[PDB]
Amino acid sequence: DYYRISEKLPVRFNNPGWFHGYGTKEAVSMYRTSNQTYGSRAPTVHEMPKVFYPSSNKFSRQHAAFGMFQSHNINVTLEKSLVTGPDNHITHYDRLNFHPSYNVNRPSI
Amino acid sequence: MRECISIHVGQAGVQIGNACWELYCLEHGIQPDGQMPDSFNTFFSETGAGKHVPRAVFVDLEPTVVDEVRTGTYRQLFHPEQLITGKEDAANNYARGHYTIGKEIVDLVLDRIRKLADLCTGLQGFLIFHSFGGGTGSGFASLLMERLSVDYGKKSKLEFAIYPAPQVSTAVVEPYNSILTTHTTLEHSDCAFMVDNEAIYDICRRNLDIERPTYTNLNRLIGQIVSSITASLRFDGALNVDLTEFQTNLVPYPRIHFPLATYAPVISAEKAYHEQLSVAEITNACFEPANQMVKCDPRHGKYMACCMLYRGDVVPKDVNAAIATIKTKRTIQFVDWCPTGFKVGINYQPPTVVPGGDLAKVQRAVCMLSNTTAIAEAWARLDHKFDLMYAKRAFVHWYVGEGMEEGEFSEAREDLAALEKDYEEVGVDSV
Amino acid sequence: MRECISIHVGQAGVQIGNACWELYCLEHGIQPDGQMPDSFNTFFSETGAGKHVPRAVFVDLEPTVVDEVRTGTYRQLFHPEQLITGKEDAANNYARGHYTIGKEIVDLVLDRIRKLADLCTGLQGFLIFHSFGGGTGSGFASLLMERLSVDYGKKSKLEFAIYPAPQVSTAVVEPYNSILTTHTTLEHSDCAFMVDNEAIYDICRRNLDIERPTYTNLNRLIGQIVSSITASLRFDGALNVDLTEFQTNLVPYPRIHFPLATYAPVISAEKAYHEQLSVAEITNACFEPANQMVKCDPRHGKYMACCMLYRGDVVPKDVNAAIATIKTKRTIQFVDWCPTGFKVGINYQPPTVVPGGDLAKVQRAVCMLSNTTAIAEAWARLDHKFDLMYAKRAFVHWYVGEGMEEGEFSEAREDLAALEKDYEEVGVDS
Amino acid sequence: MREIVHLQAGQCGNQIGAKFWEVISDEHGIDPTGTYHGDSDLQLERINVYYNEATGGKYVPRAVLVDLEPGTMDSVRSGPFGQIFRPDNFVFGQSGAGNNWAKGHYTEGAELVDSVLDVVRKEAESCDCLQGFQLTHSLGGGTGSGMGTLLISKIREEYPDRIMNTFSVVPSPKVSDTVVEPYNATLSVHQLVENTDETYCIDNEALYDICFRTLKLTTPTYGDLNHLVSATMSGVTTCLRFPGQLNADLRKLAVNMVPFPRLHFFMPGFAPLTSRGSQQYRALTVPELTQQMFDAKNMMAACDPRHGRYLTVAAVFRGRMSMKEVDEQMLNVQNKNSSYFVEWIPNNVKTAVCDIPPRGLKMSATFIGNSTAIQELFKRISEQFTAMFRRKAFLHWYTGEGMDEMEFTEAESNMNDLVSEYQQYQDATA
Amino acid sequence: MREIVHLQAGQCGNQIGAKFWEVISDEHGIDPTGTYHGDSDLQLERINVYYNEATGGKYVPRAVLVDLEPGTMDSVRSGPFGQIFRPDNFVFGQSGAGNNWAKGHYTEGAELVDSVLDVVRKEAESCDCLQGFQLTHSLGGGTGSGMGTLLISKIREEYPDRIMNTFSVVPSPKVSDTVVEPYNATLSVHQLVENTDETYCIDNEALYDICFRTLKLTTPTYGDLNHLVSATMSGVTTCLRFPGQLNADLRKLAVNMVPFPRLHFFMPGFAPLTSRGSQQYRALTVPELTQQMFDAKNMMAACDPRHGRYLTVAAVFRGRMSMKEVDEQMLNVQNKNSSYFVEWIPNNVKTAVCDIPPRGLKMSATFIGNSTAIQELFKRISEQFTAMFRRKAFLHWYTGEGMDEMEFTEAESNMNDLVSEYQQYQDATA
Amino acid sequence: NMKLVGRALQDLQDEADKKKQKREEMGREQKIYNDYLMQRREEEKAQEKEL
Ligand SMILES: Nc1nc2c(ncn2[C@@H]2O[C@H](COP(=O)(O)OP(=O)(O)OP(=O)(O)O)[C@@H](O)[C@H]2O)c(=O)[nH]1
Ligand SMILES: Nc1nc2c(ncn2[C@@H]2O[C@H](COP(=O)(O)OP(=O)(O)OP(=O)(O)O)[C@@H](O)[C@H]2O)c(=O)[nH]1
Ligand SMILES: Nc1nc2c(ncn2[C@@H]2O[C@H](COP(=O)(O)OP(=O)(O)O)[C@@H](O)[C@H]2O)c(=O)[nH]1
Ligand SMILES: Nc1nc2c(ncn2[C@@H]2O[C@H](COP(=O)(O)OP(=O)(O)O)[C@@H](O)[C@H]2O)c(=O)[nH]1
Ligand SMILES: [Mg+2]
Ligand SMILES: [Mg+2]
């Protein structure tokens, strides 16, 4: 009814009625304890924040609980291609061209 | 997850303890039963009954301060094993609280520290609250960190306490307690937060128009302090500030762990109605010695390191402009060996407002933590008043009769003189 | 961007501030709460929530005058921190307001002025209002100017003040305050606007037909003087004139910063029905000795500098014809070293009219700030009254009892004698 | 190709420059938005002289608006053609000079010069082949008379070969708007003689009597004064922007106009000035244009040429006319008024023809002329400068800025030497 | 083929990469889910430079995110493009550093270096031919300036021939947010000089300066700073990912930009930065990009190159241009500002052209340059580190970690010997 | 080019209106909270008389 709520804050901060259960101290008495001023009055709408954002930690809790990432693969050996063509992969330890050619004559290799 | 445990000590520690926590229940929005109708885990903890249980231990040597918590509003909020009491008190006697009465229940609290330390997985630091004047707030308090040091060596042990006011005093035998506890706050303390009630009295009457304050009004602002430091833990920020981060950027030397706080703005709702508040306005009020809560003038000394904890709808742009305006000033001095003496922290969360409080609801604020050498005059006044006792031995028979050797009085006086000398060496400028 | 902060001192300063800030409230349209239903930003400080706060520091040594403002119509308009009070006053004693009672609250006003101009980005100057008669307006004003100059070596200090009237007087020990204060307005001032209440008494009765005026009628007439000065800062004009623009063209020597003001037309509605008002008509009454706000005749002296401030439905054509017509008048004198002694300011917005005010609405206006040497005779009458006191040493024990040395009485008398001497040197024509 | 960067300084220069940018916007058919709504192709052929290209068929004025006070910039951007200028081109400080030349030239002008220097260097390097610069300001000010001269001295070192025209505003002695105006005037002419290719001394009083008699406007505002000034600057570059039978430019005139570098001061002239009652009884002819312009009453300087000798005379004509008639009319006036022309230079008149008439009019002409009678005003300034300076009046304002005293002597000496050699060319035997 | 693994360190870095991976995903048309909603086939031809393939037309980042405080990545994954990242690539410790270089480098960095080394090994072996790595961090932290240096030294031993680029954040002296900042800065650059192929000096204060002046943003957040920094990183590799008329990559720039291995610091600039008002009046051309870049105001480093000499200059262009206008410009800027370019290297500039413009824009440019101005920053830290270290202040924190005192001296010596030879390269004869 | 300039001016106007509406909402909200305070301070004195 009052100020535009942040629409991420829970309805506990949209309705001050949900914090019932306190304010049950009686003034108007000679036996009034000074410490009763602490938590003396139930809140209203006006004393309740427009914006609430959390720091949600379920984004880290399960990774922390189930351990950090590690890898114990023995060897993924993946000697690669120095030429972009899918037909040929000539390696630095290899001095030989692949994809044998189509020559009319002199096929001495 | 990052957690903090409160070890509130004495009548002070109990009274600020609940006052800090009536603010804690409201920011996260917990009903006094202990339910939501995870920002809370740094103080609260889920049980089998799924409520948010205090990680806070209350210890006192007099029960009448405790049962008003066990009979007050939040009785069911707390678990009564946490609230620790004793049959007899120290009665403004450091010796009784350290040697005779303290050793009865010293083990019992330590298990309760351990069980709470068991519950938390990664603890950040320990929040200790006591008072320099009372025997329980001095004697039992002094005992507990010394073994808390040897149990948890690496753990941060933060220190909030009431330093005796320079003129008004609730006690006459306070300096004997005050001098003797200073050993523990130097070899068993990481960072101190000494404050006197007199300067709090001056601020609220001058600013908040409350001509007749009480401890409650004082307790709410002190609660506003501890919320500000650990706010960066609770809710996110552009530049989060954990407890280790400002610990590093405040302490030049291990013997120098005595900074000074400041909270701004601190104004009444009527006067706040017609004053625009900006970053520069609130950061200038932090440097006014009329708003310091320790009866010392930083202009008489020099800042070694200033720590900044902004809070509210603050922009990093106006922060740097405010720092630049502050830096271009001559009476605001700095030590020669600290060209850059700022540690800035920013939070989007605005400070909440408690029912029956004094501070107006404001969209922005600032917390200030300067370590300055102008505090050197504070223990000097204590030294003159203590030396005005010990030469002719007033009240010594009480402390000797408890079972402790009068030679410790001279050594305790000597170390504070040495500590004052160390602050003078920092005041020296390089050739 | 332009900002002016009022430092009104004393009962005169507070009552003037009530009248002046009322006019500023109606000029920009300020509600008594302070909400509009950026010409205001020179005077009214805009807060975040749409609230506007005057940039003024009302200071007085007794609470009763300021408390009326605290319970007045504009109670919510002013900052309670701005309004500074004191338990005990100087009670027509410069010494009490300079060495015993001032120092208790010299410090507090400095921090309040500190906060006001810290909000401001570019401060033009300080408009300071006080009186030479009262102890607070003379004593307490003297220290703040002394402390303002060391805090602000460059910031301007205009000085609008009440001078003792030549014949009527509200106090007996007034010349002692008047003589001792004149040192401050010499070495800690940039321009000065001493006004005696007697001159307006004749002017209001002769022109506005109010046979029984009051301080509000006087304070309202002080009101648009500052408004017509600051009109160029607040509103756009053909010839905008800042305070630095007219400070330069009014002060030939640092020891001569005492010009004389003049406002025109000043005429009631039933009167104003019968005369067409033109630029020539209003500028001629600005030179008439019967309309001077100081009891002196410039026909006995010579003008050395004049600031022209037109306002309203004015045309630069009619400006020059009026200036030329003025210059062909032997009855007006001028010094040899100032062939051109005019500084014309032109503003668009005509002066607004306050309710309960004698002045009718007029489409055009005119303001004068003429520095002439005929003011020097006024100080001479003060010298006659002061010296004839000091021979018998009347009321001296009051000032000595406060803790100030009686030798300053002779020194202050000696300074003004030299000040009168300097004005005769300019009166000499080579 | 041949571009112009329009400099702009002070409240004076900003207002005429706003008026000047309005008129040539009408000539090139530019809306206040920035697009082109004209009809003829020649209306958009040479627009790159004054305008710079922007995307979406937009053009930006190539002007650098400078003022020490931000208030005039608000008035500039709030006009009809307020949103045509690039906001980056607006350079301004927070504090003015207060009619003090020394503050504008040394203290406060030293901070704003770097920002303006970067804007003009950005604009100058943008154009391919910059013909030269052009500046408008007032000599009776603090920024244009002050820092505006400092801008000239710096960029002449930077860009020596480029032409420098100034439409400087010379104060009149009959009517003055400043008291310290001789000091600002004297210390500026010394800067003019050293570094200026050509000067147009335009006097406001000489504008006023035109509106009284020539046009018979009851209420001539400053807009009318600026409009007449705007017509002059358009009439100089009209042949540059538009083709004609005999073309010219600024260097076409300045090469032909100054026999010696020490003489670069002219009296500008504009021909078609008639009142509304004069439109009924008139016949637009070339002789009427020549007859009206050679009248000294049409002159926008404060000097009667009949007391001096016409060294050189220009007549820049706008329209389609007979070239025989303009040839004959100049020949007739050269022979009729033989005594008023010097004899050592034959055919003292230079003419150019621009085919395009001004918008809304059929025939017009412009006149630029150097005559010996212009020393009548410089000596009159010395009549006022020495009168005030001999008593050291108004000196502490300047002396407080850090400058010495010999600057007044050397500036007076240069102008005394200037009028001395100016005089000798009057009585010279061929 | 030519792949890049993006290393991520510190709170500074984690927000930089998150903003970076947003804009490049926009450039490659990847939704928040991870699928490809693009339109041009060029938008998906070279994606595997940064992404890896996932089943279902999905793509995953090849980035490893490291921080000692777990609170940061929760803010990272809760962003708009947070779910795109793979949880295993997130690596974190339980306790932070507290801006302490020591605990991150020696004490707690030792526990975390093993895990990050595994995933970067896994990402390395996944791709065909890695071009090199890329790490972003801040020099004022405890992890990025601390542990973040430990990964570089490890991967240089493991992968020496691969390129190593680092877009570090160097603290500013005027605005500093950490007291212990000089100790961390002095102990990080020594690690930076020994093991790094290429480094960019990014300062927040300079970034703060740009949005104040160039963009005129009233409330610029840190995201706008991340917007500018990510714009720099995209413009570096836009020639790698997309074809152009003149191609380049990291190694083409790396070979040309360091004449000697000891100087691998370059200050980057971004061309098309205009405020929204500035978009109204502009004409988008190659010279305007050259103009706006070659202003020192546009720079996001805290050093003015006017005080130094340009060693080498690089300008990578994004869009479709005709390079004759491009190529004529750097030839000119070399010639005119000949004093700021060294003479022992002719034709100091190398340029690259990428055909594909940035999304939502027509043309842009990025600049990489080596000047002598960078020693202005290192000696500035020396002015501050020596002041802190002469009194042994804040030493016990670093001393408690088990390091000796000679490490500060040698790191001080290494940075001093770096600037000493750096001065000699400034004052060298051809 | 005209697509680009239209987009830029639209964004500028949108953010201007957003800032204006936030400022408009802010001022009214503080006013109401004050309205709670005047009654809240009215009950406490009315409570005090009853004691
Ligand atoms: N600021 C503040 N100080 C308090 C408060 N309660 C007690 N103190 C201070 O504590 C000092 C005395 O110690 P107490 O806490 O009262 O009692 P104690 O510490 O348990 O020691 P004993 O009195 O011997 O039982 C006094 O000088 C007070 O200044 C409080 O609620 N707020
Ligand atoms: N014109 C005018 N003069 C006033 C007004 N109020 C006070 N004065 C002058 O002030 C003089 C007396 O000093 P006050 O201003 O009343 O008091 P003060 O300046 O605070 O000094 P103290 O009386 O010592 O406290 C009288 O002679 C009046 O001339 C006013 O409203 N209008
Ligand atoms: N003719 C004419 N003169 C003007 C105009 N605006 C100002 N002036 C003259 O400029 C002089 C004041 O110049 P000023 O503002 O002090 O110049 P600045 O100090 O450089 O800004 C006055 O004497 C006016 O007569 C105008 O629109 N037209
Ligand atoms: N430019 C920019 N700087 C940032 C940003 N976030 C943090 N910083 C800077 O990073 C520094 C803090 O680094 P820190 O978190 O201690 O690094 P870490 O110890 O490695 O985690 C501060 O000085 C900030 O100025 C950002 O988004 N942009
Ligand atoms: Mg107790
Ligand atoms: Mg009084």
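All positions are counted from 1 along the displayed chain.
The deposited model was determined using electron microscopy, 3.5 Å.
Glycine is treated like the rest: Cβ placed from N, Cα and C.
Swiss-Prot has this to say about the protein:
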type	residues	note
MOTIF	C:1-4	motif 'MREC motif'
BINDING	C:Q11, C:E62, C:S131, C:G135, C:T136, C:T170, C:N197, C:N219	GTP binding site
BINDING	C:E62	Mg(2+) binding site
MOD_RES	C:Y74	3'-nitrotyrosine
ACT_SITE	C:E245	active site
MOD_RES	C:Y423	phosphotyrosine
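C:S131 (GTP binding site) falls within a strand segment according to DSSP. Across C:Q11, C:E62, C:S131, C:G135, C:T136, C:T170, C:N197, C:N219, which the record gives as binding GTP, the greatest C-alpha separation is 23 Å. Checking the recorded positions C:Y74, C:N197, C:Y423 against ligand 2, the ones with a C-beta less than 6 Å from an atom of that molecule are C:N197.
Sparsest Cβ environment among the binding-site residues C:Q11, C:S131, C:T136, C:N219 (other Cβ atoms counted within 10 Å): C:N219.
A separation of roughly 31 Å, to the nearest angstrom, links the Cα atoms of C:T136 (GTP binding site) and C:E245 (active site). Taking C:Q11, C:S131, C:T136, C:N197 as the candidate binding-site residues, the subset whose CB lies under 6 angstroms from any atom of ligand 6 consists of C:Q11, C:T136. The residue listed as 'phosphotyrosine' sits 32 Å from C:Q11 (GTP binding site), taking the C-alpha atoms as the reference points.
Neighbours of C:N197 (GTP binding site), defined as other CB atoms within 10 A of its CB across all chains, total 20.
Straight-line distance linking the Cα atoms of C:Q11 (GTP binding site) and the residue listed as 'active site', rounded to a whole number, equals 31 Å.
Comparing the recorded positions C:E62, C:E245 by how many other C-beta atoms lie within 10 angstroms of each C-beta, the top residue is C:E245. When the modified residues C:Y74, C:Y423 are compared by the number of other C-beta atoms lying within 10 angstroms of their own C-beta, C:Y74 comes out lowest. Fewest other C-beta atoms within 10 angstroms, among the binding-site residues C:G135, C:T170, are seen around C:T170. Less than 8 angstroms from a Cβ of chain D: among the recorded positions C:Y74, C:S131, C:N197, C:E245, that describes C:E245. The DSSP breakdown of the motif 'MREC motif' (C:1-4) into helical (H, G, I), extended (E, B) and coil residues amounts to 0 helix, 1 strand, 3 coil.
In the three-state DSSP assignment, the secondary structure recorded for C:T170 (GTP binding site) is coil.
Taking only the Cα positions, the spacing between C:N219 (GTP binding site) and C:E245 (active site) is 26 angstrom. Cα spacing between C:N197 (GTP binding site) and C:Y74 (3'-nitrotyrosine): 26 Å, rounded to the nearest whole number. Note: the Cα of C:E62 (GTP binding site) and the Cα of C:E245 (active site) are spaced 37 Å from each other.
In this structure, the CA atom of C:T170 (GTP binding site) is 29 Å away from the CA atom of C:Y74 (3'-nitrotyrosine). Considering only the recorded positions C:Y74, C:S131, C:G135, the residue whose Cα is spatially closest to the Cα of the residue listed as 'active site' is C:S131.
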